[PDB]
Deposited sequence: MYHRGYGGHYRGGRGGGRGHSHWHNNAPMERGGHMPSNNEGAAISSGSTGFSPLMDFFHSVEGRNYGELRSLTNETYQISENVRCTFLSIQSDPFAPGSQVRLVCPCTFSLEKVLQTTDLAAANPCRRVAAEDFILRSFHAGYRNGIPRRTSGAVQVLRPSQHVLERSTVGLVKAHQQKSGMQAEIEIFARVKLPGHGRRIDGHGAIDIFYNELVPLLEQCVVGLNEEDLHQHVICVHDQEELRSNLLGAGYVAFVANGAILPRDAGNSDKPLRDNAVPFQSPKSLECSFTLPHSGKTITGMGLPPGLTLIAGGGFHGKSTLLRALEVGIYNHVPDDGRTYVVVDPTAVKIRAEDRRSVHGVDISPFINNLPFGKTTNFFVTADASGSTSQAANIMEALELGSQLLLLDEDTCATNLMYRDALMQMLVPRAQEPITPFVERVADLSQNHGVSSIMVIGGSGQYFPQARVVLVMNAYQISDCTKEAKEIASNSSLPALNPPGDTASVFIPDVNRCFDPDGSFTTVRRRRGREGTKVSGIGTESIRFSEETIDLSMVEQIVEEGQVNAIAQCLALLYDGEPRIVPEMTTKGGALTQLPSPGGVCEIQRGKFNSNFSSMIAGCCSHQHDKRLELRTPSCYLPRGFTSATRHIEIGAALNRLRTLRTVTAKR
């Protein structure tokens, strides 16, 4: 009642009158209370931060297993929080609100189940939102009363207090078994697993939802079939297990190779049970590797792939403002290695192919003396045998990886086939360099000298760091705005505590054995250890970092790997590195 009474008594008064709200709590329903955290300056501006809280109506026993929240599996807690968020949003599609304003901004999840600051299960369910308070320049009492009483209150009462305890419990189970399966891949002796009956294709070019119509379910070649009995559902699933080493994915155009590789890329994530890619997992450290022309690089050793540059330019400590296709990809590989990646994913179409192979005709035209590039084909075995680093590759034009392949697959009309033997036969009927101990200090002094601040995430595509744009359009395993919001935050903290935080983070990271994953479960350099500290700390700090440089509201952050954090900083154009 009170809040409505309030919005009544201010119905016409001046907008600044709203400031009285700040920090206050209002029962707008029996089950729904509403704290204001912040109040907007004008109606035009970014809305007031709000926190809404309602209670567990489901049983911590059935759903979380443990009696009290602290003792619960963080993976189930995260999956639950991901369910509640989805329910909330679905509530709009089912027209639950008596009135729909569009003044509410709550983070929208992806197909993936991530830890986010948006929905919290506390010791009691809290949701963080921005509400654009209605108001010509005086308060709209009734505009606002609708938002809270006839949009939010019912929404929460219904799709949240009123959530389906059974639906939730099955959501948590599916998410948990996915995590089980991925975190058992290594032990079981695999590098990837594609579950039979999976629906790999998406519904459109700009969709991440499964194909509705005529999707051809994935079926494992009989020779690669694996089984895993999931602990929580108790169900036993079969699929294709890929062993350590080099896997080739071959086949004609439009036969699904890239569609399969994509599912693999995002196999470091758990999905919504009906995503179609559930139980399609890969090594948690898997990195999509691609050419990235024109990107900048600082202090990366790519001499395993590139030597003898024009004018004797160092590849041992490579530094450009304008990468080519081959040196950007080699830089990506070497940065992936430093950040901990044990599995490389490649797709011929986005590869700098001159990096990949060179036929004999070409070597005649352009002899190795004229050619800085050492092909990947001559290094892939080095990486795998000496360093435990596997590769999966979609290939078209060339078959000269057949010899190195441990698995060669052929795709015909979306069907997978094991053609390893035939591959090897064709190979006969025809015709360490890496060092785990990388040398790199991030140089905060050099990197930050031009900073005039503001650090903000821009969609999924970039970070605005002062007068600098960090381009993430080709860091392709970034999946949610919240992740970018996450990256933009250590950056701001990395900068705001400029002197003490870098040595702190770098020391922190050297110590660690386990890094937190995006689903919440918990080769070296100064740089990577720092990065490993960048977000060990951010995860302890529960994903949000209040610093003078950060202007992000509460509840718009999503977990990301340390690999992606390092990904962003590697691509900062002011970046300076040292020894």
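Unmodelled regions of the deposited chain, listed from N- to C-terminal end, are 1 to 51, 175 to 184, 197, 494 to 504, 526 to 532, 603 to 608, 666 to 668.
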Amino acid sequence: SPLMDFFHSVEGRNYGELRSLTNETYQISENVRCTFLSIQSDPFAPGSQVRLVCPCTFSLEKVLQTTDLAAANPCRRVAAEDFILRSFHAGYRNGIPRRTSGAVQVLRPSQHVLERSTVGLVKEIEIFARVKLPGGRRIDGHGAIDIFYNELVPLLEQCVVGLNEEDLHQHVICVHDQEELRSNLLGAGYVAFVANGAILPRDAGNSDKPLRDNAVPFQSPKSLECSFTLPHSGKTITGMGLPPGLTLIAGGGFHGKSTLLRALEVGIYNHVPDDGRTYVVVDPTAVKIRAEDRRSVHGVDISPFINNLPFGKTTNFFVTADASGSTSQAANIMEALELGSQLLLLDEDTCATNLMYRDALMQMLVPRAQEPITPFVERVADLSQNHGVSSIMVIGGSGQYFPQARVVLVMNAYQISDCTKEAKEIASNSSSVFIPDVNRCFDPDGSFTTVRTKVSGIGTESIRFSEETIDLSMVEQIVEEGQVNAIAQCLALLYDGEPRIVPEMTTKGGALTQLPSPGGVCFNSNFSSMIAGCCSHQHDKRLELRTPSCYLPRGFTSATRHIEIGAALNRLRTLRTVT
From here on, numbers count along this sequence of modelled residues.
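Looking at 394 to 402 and 472 to 480 together, the entry lists the larger mean B-factor for 394 to 402, computed on C-alpha atoms.
Higher average CA B factor: 137 to 145, of the stretches 137 to 145 and 82 to 90. As recorded in the PDB entry, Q363 shows the highest C-alpha B-factor of the residues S466, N307, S417, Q363. By the numbers in the PDB entry, the CA B factor is greatest at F58 among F58, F523, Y551, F527. In the deposited entry, the Cα temperature factor of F218 sits in the bottom third of values across the chain's modelled residues.
When all modelled residues of the chain are sorted by CA temperature factor, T574 is found within the lowest third. Per the PDB record, residue ranking by Cα B-factor puts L152 in the highest third of the chain. Per-chain ranking of the deposited C-alpha B factor places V280 in the lowest third. Among the modelled residues of the chain, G187 sits in the middle third by CA temperature factor in this PDB entry.
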